[PDB]
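Taking it in order: structure first as C-alpha cells, then the write-up.
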Amino acid sequence: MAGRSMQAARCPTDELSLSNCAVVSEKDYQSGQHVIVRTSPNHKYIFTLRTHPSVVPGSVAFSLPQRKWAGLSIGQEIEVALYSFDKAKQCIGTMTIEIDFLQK
Amino acid sequence: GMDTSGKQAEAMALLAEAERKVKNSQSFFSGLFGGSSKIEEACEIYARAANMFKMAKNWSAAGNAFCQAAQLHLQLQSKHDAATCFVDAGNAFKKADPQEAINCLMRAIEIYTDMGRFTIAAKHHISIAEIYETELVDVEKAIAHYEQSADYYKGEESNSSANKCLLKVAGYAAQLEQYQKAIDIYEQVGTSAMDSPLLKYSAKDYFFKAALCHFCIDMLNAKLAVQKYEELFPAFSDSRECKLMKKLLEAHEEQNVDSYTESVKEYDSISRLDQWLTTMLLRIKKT
C-alpha cells in the first residue's frame, strides 16, 4: 500500500517478456496486482504484476520493451507501490493501436 | 679489458683491507678507546669499494658493500647516511638482485618516514611499485604501493601527481576485470580536469575511456552515461568519440557486428589503437 524501495531486474523468460507484465516474486506481490513504479518525482508508471519464482526477492523484472518505454536499467533503484484501478472510470472500453513491424 | 681484472683485484684488496681494519677496530677500542674514527674510516673504505665495484660492472658486490656500509653506519647512530647507503644499495641491487633491492628500499622508506619525510617515502614506494609491475606480474603489490604513494602525495597537497597514479591504478584494475573502481577513478579525474584550461583538452579522452569502461556492464547504463557526459561536458559532443560510441551502440542494437568491426577498423586506420582499448573492444565484441 504505502510503497517500498525495490531493485530493477531482467525479465526471466520470453513468455513473460511477451506478456508485457512485470515479473515479481511471490514473497513480494501476487499475479494480477497493479503497481505504480516511481523513478523520479515526475515519472510514475503503472504495471500489472505476474509471479515467477526465479525473480530474486527485492527485485522486479521488466521486459526489454518496458525498459525502453520507461527507461529502466538492470540494478536501478525504483519505488514500487501496489495500485488499484478505478474501474468506475479507468476501465478500457475502446483503445487504438498503431501496429508496426518489430523485426524489420 | 684491463678494467674488469684490475678493478676486481683492487676492489678485493681494498675490501680485505677494510675487513682487517674493522677486525682490529675492536681491539683498538678495547685497549685504547679510539672512539668512532676507525669505524668512519672503515665505512669510507667500504663506500670506495662499492664505488669501484659499480664501475667494475659487478653490481652484486657494490650492492653488498653498500649494505654493509649502511649497517655499520647505522650502528654509529647516523640514520641519515645509513638511509642514503640503503637507497644506494636498493638502486644498485635493483637489476642484480631485485628482492634485495626491495628490502633495501623498504628499510630506506622506514627510516625516512620515521622522520616524516613523506615525499622520499612516496618516491621509494613508486619505485617499488614500478619494479613490481615491470618485473613481476604481482599486480596487487603494485596497486598497493601506488595507492600508498598517491595518499602520501595527497597529504602533501601535491596535485597533478596523485592523479597519474590513480589513473594507472584504475587502468590496471579495469584490466583486472573490476570496472566500478575504474569508472569512479576516471570520472573523478575527469571532473577534476574540466576546470583546468590546459588539461581540459585531454579531459574528453578520460570521459571517452570511462564511457567505454561502463560499456561492459550493460548497454542501458552505457547509453545513460553517454547522455550524462554529453550534457555535463557539452564540448565533449564535438569530439569524434561521441560519434564512434553512437555508431557502436547502433551496431550492437541490431546485432550488426559487421558494422561494428568496420567502424573499429576505419578508426584504427585513421589512428593506430592501443592494447588496452583493443582488448576492451574485443571483449565487448564477444557479446
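Convention: chains lettered A, B, ... in C-alpha cells order; per-chain residue numbering from 1; ligands numbered from 1 as shown.
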(request) Taking only C-alpha atoms into account, report as a ChimeraX atom specification which residues of chain A lie within 12 Å of chain B. (result) /A:10,64,67-68,70-76,102-104
(request) For residue 257 in chain B, please output as a PyMOL selection string all residues within 9 Å (counting only C-alpha atoms; exclusion window: fewer than 4 positions along the same chain). (result) chain B and resi 248+251-252+261-262+285
(request) Report as a PyMOL selection string: the residues of chain A with a DSSP assignment of alpha helix (DSSP H), based on the backbone of this structure. (result) chain A and resi 14-19+64-70+87-90
(message) Using Å and a single decimal, report how far CA of residue 52 in chain B sits from CA of residue 110 in chain B.
(response)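 Atom-to-atom, CA of residue 110 in chain B and CA of residue 52 in chain B are spaced 28.1 Å apart.
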(message) Using Å and a single decimal, report how far CA of residue 223 in chain B sits from CA of residue 49 in chain A.
(response) 27.5 Å
(request) Please identify all polymer residues within 10 Å of residue 225 in chain B, counting only C-alpha atoms, omitting same-chain residues fewer than 4 positions from it, and present them as a PyMOL selection string. (result) chain B and resi 207+210-212+214-215+219-221+229-231
(request) Have a look at B:199, B:287, B:161, B:166 and name the one nearest to residue 256 in chain B; count only C-alpha atoms. (result)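 Smallest distance to residue 256 in chain B is found for B:287.
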I want to know what sits within 7 Å of range 6-12 of chain B, based on only C-alpha atoms, with residues of the same chain fewer than 4 positions away left out; could you give that as a compact mmCIF listing (two decimals) with N, CA, C and O atoms, in the first residue's frame?
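Wrote it out as out_11.txt, contents follow:
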# COMPACT_ATOMS: atom_id res chain seq x y z
N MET B 2 91.32 -4.32 -19.49
CA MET B 2 92.03 -4.17 -18.22
C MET B 2 91.08 -3.77 -17.10
O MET B 2 91.35 -4.06 -15.93
N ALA B 16 89.37 -6.42 1.51
CA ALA B 16 90.11 -7.18 2.51
C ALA B 16 90.77 -6.26 3.53
O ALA B 16 90.78 -6.55 4.73
N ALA B 49 84.96 0.90 -1.98
CA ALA B 49 84.88 -0.42 -2.60
C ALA B 49 83.59 -0.57 -3.39
O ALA B 49 83.59 -1.12 -4.50
N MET B 52 83.98 1.37 -6.65
CA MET B 52 84.80 0.64 -7.61
C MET B 52 84.04 -0.53 -8.21
O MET B 52 84.12 -0.78 -9.42
N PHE B 53 83.31 -1.27 -7.38
CA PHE B 53 82.52 -2.39 -7.90
C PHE B 53 81.47 -1.90 -8.88
O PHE B 53 81.23 -2.54 -9.92
N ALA B 56 83.16 -1.36 -11.85
CA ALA B 56 83.59 -2.65 -12.36
C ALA B 56 82.47 -3.45 -13.00
O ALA B 56 82.73 -4.55 -13.51
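Atom to atom, CA of residue 234 in chain B and CA of residue 185 in chain B stand 20.7 Å apart.
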(message) Counting only C-alpha atoms, which residue out of A:88, A:99, A:11, A:6 sits closest to residue 29 in chain A?
(response)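 Using only C-alpha atoms, residue 29 in chain A sits closest to A:6.
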(request) Would you mind writing down, as a ChimeraX atom specification, each residue of chain A that DSSP on the backbone assigns to strand (DSSP E)? (result) /A:4-10,22-24,34-40,43-51,59-62,77-83
For residue 17 in chain B, find every residue with an atom within 12 Å (counting only C-alpha atoms), except residues of its own chain fewer than 2 positions away, and show them as a compact mmCIF listing (two decimals) with C-alpha atoms, in the first residue's frame.
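Final file, selection_26.txt:
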# COMPACT_ATOMS: atom_id res chain seq x y z
CA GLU B 10 91.97 -3.69 -6.48
CA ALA B 11 88.44 -3.82 -5.06
CA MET B 12 89.15 -7.22 -3.49
CA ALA B 13 92.34 -5.86 -1.93
CA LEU B 14 90.55 -2.76 -0.61
CA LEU B 15 87.67 -4.82 0.79
CA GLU B 19 87.73 -6.16 6.75
CA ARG B 20 91.08 -6.30 8.56
CA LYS B 21 90.62 -2.71 9.75
CA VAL B 22 87.19 -3.46 11.21
CA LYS B 23 88.57 -6.66 12.76
CA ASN B 24 91.32 -4.68 14.52
CA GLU B 41 87.43 5.32 8.12
CA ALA B 42 86.31 1.72 7.52
CA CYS B 43 82.95 2.99 6.25
CA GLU B 44 84.76 5.31 3.85
CA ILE B 45 86.81 2.37 2.56
CA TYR B 46 83.66 0.28 2.14
CA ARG B 48 85.01 3.34 -2.01
CA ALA B 49 84.88 -0.42 -2.60
